[PDB]
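Worksheet: the structure to be examined is printed underneath.
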There are 2 protein chains.
Amino acid sequence: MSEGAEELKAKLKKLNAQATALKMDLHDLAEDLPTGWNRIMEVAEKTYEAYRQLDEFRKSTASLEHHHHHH
Amino acid sequence: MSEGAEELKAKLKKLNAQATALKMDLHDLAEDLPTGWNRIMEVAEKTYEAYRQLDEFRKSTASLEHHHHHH
């Protein structure tokens with residue numbers, strides 16, 4: 001259980017794009033109401049999960065970096 | 001088994017007002033993004049359930065009101 005800085009960046013980048021894409025598509029889906037209403041909970045879950053997993057990465061990399069403070 | 005449009009109307013009324021409240025709440029949350037993200041799945045479920053219940057009543061009331069109780 002160890003990841004390098006390259007793996008970290010690529011992984012974070014992947015997660016960032018993952019969360020951002022879903023978040024943007026959800027914003028559009030909110031306007032696509034009773035059209036894509038059957039898909040509401042999908043993107044809602046995905047956006048929540050993506051950002052929760054993003055946080056899961058943040059909390060894990062924090063302990064790794066000894067990252068306990070901000071800039 | 002007897003259909004009464006008035007109490008059904010009150011039922012629909014209560015659902016309409018509820019769905020309307022949930023719709024604006026969801027809309028607010030959608031623009032209030034990277035905030036309230038922890039409540040995304042909750043609110044989204046409400047709106048979906050409300051819509052699904054609106055559709056439900058609409059299908060149910062149509063099947064019933066397409067008949068006629070004599071009194």
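Lettering and numbering for the structure tokens are positional, with chains as A, B, ... in the shown order, residues counted from 1 in each chain, and ligands counted from 1 in the shown order.
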
### Query
Using the chain letters and numbers from this document, which residues of chain B does DSSP assign to alpha helix (DSSP H), as a ChimeraX atom specification?
/B:5-31,40-65

Could those residues be written to a file, using C-alpha atoms, as a compact mmCIF listing (two decimals), in the first residue's frame?
```txt
# COMPACT_ATOMS: atom_id res chain seq x y z
CA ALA B 5 -62.73 12.97 -6.61
CA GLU B 6 -62.73 15.56 -3.83
CA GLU B 7 -60.53 13.71 -1.35
CA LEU B 8 -58.45 12.53 -4.28
CA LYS B 9 -58.11 16.18 -5.30
CA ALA B 10 -56.95 17.03 -1.78
CA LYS B 11 -54.48 14.15 -2.00
CA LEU B 12 -53.23 15.43 -5.36
CA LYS B 13 -53.18 18.96 -3.97
CA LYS B 14 -50.97 17.97 -1.06
CA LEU B 15 -48.65 16.15 -3.47
CA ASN B 16 -48.54 19.07 -5.92
CA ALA B 17 -47.57 21.56 -3.21
CA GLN B 18 -45.01 19.07 -1.88
CA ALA B 19 -43.45 18.39 -5.28
CA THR B 20 -43.34 22.11 -6.00
CA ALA B 21 -41.45 22.72 -2.75
CA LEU B 22 -39.03 19.88 -3.47
CA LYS B 23 -38.50 21.13 -7.03
CA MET B 24 -37.33 24.58 -5.95
CA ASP B 25 -35.30 23.04 -3.13
CA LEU B 26 -33.51 20.78 -5.63
CA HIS B 27 -33.03 23.70 -8.01
CA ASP B 28 -31.48 25.74 -5.20
CA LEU B 29 -29.20 22.84 -4.29
CA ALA B 30 -28.18 22.43 -7.94
CA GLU B 31 -26.85 25.98 -8.08
CA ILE B 40 -27.70 15.83 -2.96
CA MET B 41 -28.95 12.23 -2.88
CA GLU B 42 -31.52 13.10 -0.22
CA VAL B 43 -33.16 15.99 -2.08
CA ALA B 44 -32.87 14.24 -5.45
CA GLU B 45 -34.69 11.23 -4.02
CA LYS B 46 -37.47 13.48 -2.73
CA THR B 47 -38.03 15.07 -6.12
CA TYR B 48 -37.98 11.72 -7.93
CA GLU B 49 -40.34 10.11 -5.43
CA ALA B 50 -42.69 13.10 -5.60
CA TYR B 51 -42.75 12.98 -9.40
CA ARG B 52 -43.21 9.23 -9.35
CA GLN B 53 -46.09 9.68 -6.89
CA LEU B 54 -47.62 12.44 -9.02
CA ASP B 55 -47.50 10.15 -12.04
CA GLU B 56 -48.82 7.34 -9.86
CA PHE B 57 -51.86 9.31 -8.74
CA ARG B 58 -52.38 10.50 -12.31
CA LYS B 59 -52.51 6.90 -13.54
CA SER B 60 -54.63 5.74 -10.60
CA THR B 61 -57.13 8.60 -10.76
CA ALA B 62 -57.54 8.07 -14.51
CA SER B 63 -58.36 4.38 -14.15
CA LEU B 64 -60.86 5.11 -11.38
CA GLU B 65 -62.46 8.28 -12.77
```

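Least-squares alignment of chain A on chain B, taking all C-alpha positions paired one to one, leaves a root-mean-square deviation of 4.9 Å.
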
### Query
By how many Å are atom CA of residue 2 of chain A and atom CA of residue 66 of chain A apart?
14.2 Å

### Message
Using only C-alpha atoms for the distances, tell me which of A:67, A:32, A:37, A:1 is nearest to chain B.
### Response
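Counting only C-alpha atoms, the residue closest to chain B is A:37.
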
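For the pair atom CA of residue 33 of chain A and atom CA of residue 38 of chain B, the interatomic distance is 21.1 Å.
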
### Message
What's the separation between atom CA of residue 34 of chain B and atom CA of residue 4 of chain A, in Å to one decimal place?
### Response
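Separation between atom CA of residue 34 of chain B and atom CA of residue 4 of chain A: 28.2 Å.
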